[PDB]
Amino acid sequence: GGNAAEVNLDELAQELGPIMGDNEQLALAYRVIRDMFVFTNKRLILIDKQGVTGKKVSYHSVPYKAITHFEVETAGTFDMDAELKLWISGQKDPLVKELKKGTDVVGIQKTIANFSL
C-alpha cells in the first residue's frame, strides 16, 4: 500500500548531474514520500533519507550488470501491489520493492530488461 509519484526528469537531471556519468541519462524516476528510485541507462540510484529532518541520506548505485536475476510476482488482490525482487551480486537476500499504485509496472520491467539483459 501507498502511492508512488513520478518525478520530473528534467529537474532531476539538473540536480543529480554532478554525480552522474558523462554519458548517463535518466530513464525513469519515482518518489515514495522522501525516498527515490531512479532508473538511469547505466544503473539504479536508490536515494533513501532517514531521521526526522531527512538529513541522513544515502545514494546506493546498482549498475544493471550487478543484477544477476530478478522476479516480479503479481498482486493477488486489488488491495495488494506486485512485488519486484532484484538479486544483487554478492548479496544473498534480494532487494524487495513494492510496485506501488502509480508505477508503470510493465515499463519498469521493460526498462530492467532493456538495460540489464
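Residues carry their position along the shown sequence, with the first being 1.
Chemist: Per the record, averaged over C-alpha atoms, which has the higher B-factor: 77-85 or 63-71?
Modeler: Mean CA B-factor is higher for 77-85.
Chemist: Would you determine, from the values in the PDB entry, which of 3-11 and 106-114 has the greater average C-alpha temperature factor?
Modeler: The stretch with the larger average C-alpha B-factor is 3-11.
Chemist: Could you say whether, by C-alpha temperature factor, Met20 belongs to the lowest, middle or highest third of its chain?
Modeler: For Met20, the deposited C-alpha B-factor lands in the middle third.
Chemist: Among the modelled residues of its chain, does the C-alpha B-factor of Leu26 lie in the lowest, middle or highest third?
Modeler: Tercile = middle for this residue's CA B-factor.
Chemist: Determine, from the deposited record, the chain-internal third of the Cα B-factor for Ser58: lowest, middle or highest.
Modeler: For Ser58, the deposited C-alpha B-factor lands in the lowest third.
Chemist: C-alpha B factor of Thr40, ranked within the chain: lowest, middle or highest third?
Modeler: For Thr40, whose C-alpha B-factor we compare with every modelled residue in the chain, the answer is the lowest third.
Chemist: Is the Cα B-factor recorded for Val52 in the lowest, middle or highest third of its chain?
Modeler: Its C-alpha B-factor, which the entry lists for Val52, ranks in the lowest third among residues of this chain.
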